[PDB]
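**Student:** Structure in structure tokens, see below.
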Amino acid sequence: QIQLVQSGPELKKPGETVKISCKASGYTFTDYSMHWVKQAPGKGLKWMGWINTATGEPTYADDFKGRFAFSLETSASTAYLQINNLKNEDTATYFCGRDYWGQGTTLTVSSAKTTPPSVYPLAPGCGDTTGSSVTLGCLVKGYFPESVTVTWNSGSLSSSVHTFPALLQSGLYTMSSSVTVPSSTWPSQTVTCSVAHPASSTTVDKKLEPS
Amino acid sequence: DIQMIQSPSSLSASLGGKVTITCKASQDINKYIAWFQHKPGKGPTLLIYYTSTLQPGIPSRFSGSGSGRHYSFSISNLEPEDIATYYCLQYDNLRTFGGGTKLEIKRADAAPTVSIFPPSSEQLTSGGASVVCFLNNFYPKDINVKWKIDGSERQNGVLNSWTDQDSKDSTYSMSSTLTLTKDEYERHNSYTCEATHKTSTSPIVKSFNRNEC
Amino acid sequence: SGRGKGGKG
């Protein structure tokens, strides 16, 4: 199976340096060039250049000449993207690949203050029958930067989950998530939301309880 | 050095139907064009290369054609897992992506499931009061939410967030939050969100009343 | 490793 595994999400300040890895398996790393592609928030794909995996020679698109460096560790079948003197506008998800592609590495470049979220359980009011299903929520308010990961029962509820994109509210982000289960199964079969905010090293659980 | 003009930038089409996307290059690219599918949270998937050759594992309902400066890409027998943004890529001289085509599946219209939530005890005792309405699993994407406090419309303090279209059922969901202070929240009784949508000739109304809990 | 495209897999 062909697989490209990229390193995890990155949070940096302007002027710093980041190095992202792309580890290949399932094909011969040095027989195919590795390309790098940038996707800024809300924008399309932009080609950054490629590296010859047989010689190490990189070729850069014009917009990525200067602060960007492609390199290799042939013995570990790993390609690297280093960005020096980081800019806010480097905030994006970066992909490596050619025919097959890595999962992407999200980079956030910000000098603003990191703030953990407040996490609020959303249970139905005391005076309403929801029918054969019941929808529960968690409101995640007042955090910076993106992103957060919201799961339900540590990820074992996922088929009916809706994750709503964050919005900026008074200089801070607010997002929400809902889950839906059969009414016969709650509160009898517990439902808990978990909110991870890696930037603030926080993980918060809130059990959903009936009103 | 080669510009790629991709058209249309977005489209909707019914299940089982066939759509065509085009790309025009600024110069002859000698059939060196590829087409990609890209879904949020995942890496791109190569579908077609050298204008018309299918990647191994890609169904033949994906196809491509073209020469010179003009290329086309089609998806026939559309299915929900085709929801994605599609890109062309010239690779005759360096590489250039087209601007992309966001594909929406036109399923049958579906009414939202609407749920309203009062402020949590935790948020209230910290001085804030967000009232939340989820409007879930609906189609089409256009929807209007009106908030009322004690029967009077309220527009200040409302934030609305839509999901992307779900491959699980070709629907959208949207979250609407009315944020007040605890002080103002505890001076009123009735809180209502009203959903206006193509699927109903009257609004879908969900409410709760502070004095009843 | 080349400027090629397609055929892997």
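By order in the structure tokens, chains are A, B, ...; within a chain, residues start at 1; ligands start at 1, following the order shown.
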For chain C, report every residue with an atom at most 7 Å from chain A (counting only C-alpha atoms), formatted as a short mmCIF file (atom, residue, chain, number, x, y, z; two decimals) with N, CA, C and O atoms, in the first residue's frame.

**Tutor:**
data_model
loop_
_atom_site.label_atom_id
_atom_site.label_comp_id
_atom_site.auth_asym_id
_atom_site.auth_seq_id
_atom_site.Cartn_x
_atom_site.Cartn_y
_atom_site.Cartn_z
N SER C 1 14.51 11.59 -10.77
CA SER C 1 13.23 10.95 -10.51
C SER C 1 12.18 11.47 -11.49
O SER C 1 11.17 10.80 -11.72
N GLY C 2 12.41 12.65 -12.05
CA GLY C 2 11.78 13.07 -13.28
C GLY C 2 10.66 14.09 -13.07
O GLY C 2 10.23 14.38 -11.96
N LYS C 5 4.27 12.10 -14.42
CA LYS C 5 3.00 12.17 -13.71
C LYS C 5 2.21 10.95 -14.08
O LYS C 5 2.16 10.61 -15.28
N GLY C 6 1.61 10.28 -13.10
CA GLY C 6 0.71 9.17 -13.35
C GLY C 6 1.35 7.80 -13.42
O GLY C 6 2.52 7.67 -13.77
N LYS C 8 1.72 5.43 -10.96
CA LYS C 8 2.09 4.79 -9.70
C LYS C 8 0.91 4.01 -9.15
O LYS C 8 -0.24 4.49 -9.22
#

**Student:** For chain B, list the residues within 8 Å of chain A, counting only C-alpha atoms, and write the list as a ChimeraX atom specification.

**Tutor:** /B:41-46,94-97,99-100,115-120,122-123,134,159,161-163,173-175,208,212-213

**Student:** Write a file of the just-selected residues containing N, CA, C and O atoms, as a compact mmCIF listing (two decimals), in the first residue's frame.

**Tutor:**
# COMPACT_ATOMS: atom_id res chain seq x y z
N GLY B 41 -9.65 17.70 4.69
CA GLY B 41 -9.03 16.81 5.64
C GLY B 41 -8.19 15.71 5.05
O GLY B 41 -7.62 14.91 5.80
N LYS B 42 -8.09 15.64 3.72
CA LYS B 42 -7.38 14.56 3.04
C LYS B 42 -6.43 15.16 2.02
O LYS B 42 -6.56 16.32 1.63
N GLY B 43 -5.46 14.36 1.59
CA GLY B 43 -4.62 14.73 0.47
C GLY B 43 -5.38 14.61 -0.84
O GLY B 43 -6.37 13.89 -0.93
N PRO B 44 -4.92 15.32 -1.87
CA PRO B 44 -5.52 15.17 -3.21
C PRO B 44 -5.42 13.74 -3.72
O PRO B 44 -4.54 12.96 -3.33
N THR B 45 -6.34 13.39 -4.62
CA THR B 45 -6.35 12.10 -5.30
C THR B 45 -6.20 12.34 -6.80
O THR B 45 -6.97 13.11 -7.38
N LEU B 46 -5.21 11.71 -7.41
CA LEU B 46 -5.05 11.81 -8.86
C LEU B 46 -6.07 10.90 -9.54
O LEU B 46 -6.17 9.71 -9.22
N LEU B 94 6.87 23.51 -15.94
CA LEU B 94 6.61 23.62 -14.50
C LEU B 94 5.23 23.01 -14.26
O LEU B 94 4.80 22.12 -15.00
N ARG B 95 4.52 23.48 -13.23
CA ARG B 95 3.18 23.00 -12.91
C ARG B 95 2.30 24.19 -12.59
O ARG B 95 2.78 25.17 -12.01
N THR B 96 1.02 24.12 -12.97
CA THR B 96 0.06 25.15 -12.60
C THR B 96 -1.29 24.48 -12.35
O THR B 96 -1.80 23.79 -13.23
N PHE B 97 -1.87 24.72 -11.18
CA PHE B 97 -3.23 24.27 -10.92
C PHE B 97 -4.25 25.25 -11.48
O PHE B 97 -4.08 26.47 -11.43
N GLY B 99 -8.06 26.91 -10.93
CA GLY B 99 -8.64 27.48 -9.73
C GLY B 99 -9.60 26.57 -8.98
O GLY B 99 -9.97 26.89 -7.84
N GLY B 100 -10.01 25.46 -9.58
CA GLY B 100 -10.84 24.51 -8.86
C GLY B 100 -12.31 24.62 -9.21
O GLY B 100 -12.81 25.67 -9.63
N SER B 115 -33.24 22.03 16.58
CA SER B 115 -33.14 21.81 18.02
C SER B 115 -32.65 23.08 18.68
O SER B 115 -31.66 23.67 18.23
N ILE B 116 -33.31 23.50 19.77
CA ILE B 116 -32.91 24.71 20.49
C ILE B 116 -32.38 24.33 21.87
O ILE B 116 -32.86 23.39 22.52
N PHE B 117 -31.36 25.08 22.32
CA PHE B 117 -30.70 24.80 23.60
C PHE B 117 -30.58 26.07 24.42
O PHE B 117 -30.05 27.09 23.92
N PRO B 118 -31.03 26.07 25.67
CA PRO B 118 -30.81 27.22 26.54
C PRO B 118 -29.36 27.33 26.94
O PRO B 118 -28.59 26.37 26.80
N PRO B 119 -28.94 28.49 27.45
CA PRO B 119 -27.58 28.62 28.00
C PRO B 119 -27.32 27.58 29.07
O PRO B 119 -28.19 27.25 29.88
N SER B 120 -26.09 27.06 29.08
CA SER B 120 -25.70 26.10 30.10
C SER B 120 -25.54 26.80 31.44
O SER B 120 -25.28 28.01 31.51
N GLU B 122 -23.07 26.43 33.38
CA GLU B 122 -21.69 26.89 33.45
C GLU B 122 -21.51 28.24 32.78
O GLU B 122 -20.83 29.12 33.30
N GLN B 123 -22.09 28.42 31.59
CA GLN B 123 -21.93 29.70 30.93
C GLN B 123 -22.66 30.81 31.69
O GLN B 123 -22.14 31.92 31.82
N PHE B 134 -29.47 24.28 16.42
CA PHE B 134 -28.91 23.48 15.35
C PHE B 134 -29.98 23.24 14.30
O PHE B 134 -31.11 22.90 14.64
N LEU B 159 -24.61 34.58 15.39
CA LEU B 159 -23.55 34.00 14.58
C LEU B 159 -24.04 32.70 13.98
O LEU B 159 -24.58 31.84 14.69
N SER B 161 -23.08 29.41 11.32
CA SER B 161 -21.99 28.64 10.74
C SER B 161 -22.54 27.42 10.02
O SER B 161 -23.22 26.60 10.64
N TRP B 162 -22.21 27.28 8.73
CA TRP B 162 -22.61 26.13 7.92
C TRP B 162 -21.47 25.12 7.83
O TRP B 162 -20.31 25.51 7.67
N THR B 163 -21.82 23.84 7.86
CA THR B 163 -20.88 22.79 7.48
C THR B 163 -20.75 22.74 5.96
O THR B 163 -21.54 23.33 5.21
N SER B 173 -25.62 21.12 7.36
CA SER B 173 -26.12 21.49 8.68
C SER B 173 -25.62 22.89 9.00
O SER B 173 -24.64 23.37 8.43
N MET B 174 -26.32 23.57 9.90
CA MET B 174 -25.96 24.92 10.27
C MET B 174 -26.24 25.13 11.75
O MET B 174 -27.24 24.62 12.27
N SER B 175 -25.36 25.87 12.40
CA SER B 175 -25.49 26.24 13.80
C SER B 175 -25.70 27.74 13.91
O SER B 175 -24.97 28.52 13.29
N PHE B 208 -38.00 27.83 23.71
CA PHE B 208 -38.11 27.45 25.11
C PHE B 208 -38.43 28.69 25.93
O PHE B 208 -38.25 29.83 25.49
N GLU B 212 -40.65 28.26 32.54
CA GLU B 212 -41.22 26.92 32.56
C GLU B 212 -40.21 25.86 32.97
O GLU B 212 -40.56 24.68 33.04
N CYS B 213 -38.97 26.25 33.27
CA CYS B 213 -37.95 25.32 33.73
C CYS B 213 -37.27 25.83 35.00
O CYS B 213 -37.43 26.99 35.38

**Student:** Taking the backbone alone, and naming residues the way the document does, which bits of stretch 78-159 of chain B are strand (DSSP E) by DSSP, as an MDAnalysis selection string?

**Tutor:** chainID B and resid 84:90 96:97 101:106 113:117 128:138 144:149 152:154 158:159

**Student:** I'd like to know which residues of chain A are helix (DSSP H, G or I) (by DSSP, run on the backbone); could you write them as a PyMOL selection string?

**Tutor:** chain A and resi 29-31+62-64+74-76+88-90+153-155+183-185+198-200

**Student:** If you count only C-alpha atoms, which residues fall within 10 Å of residue B:108, apart from same-chain ones fewer than 3 positions away, as a ChimeraX atom specification?

**Tutor:** /B:14-15,105,111,138-140,170-171
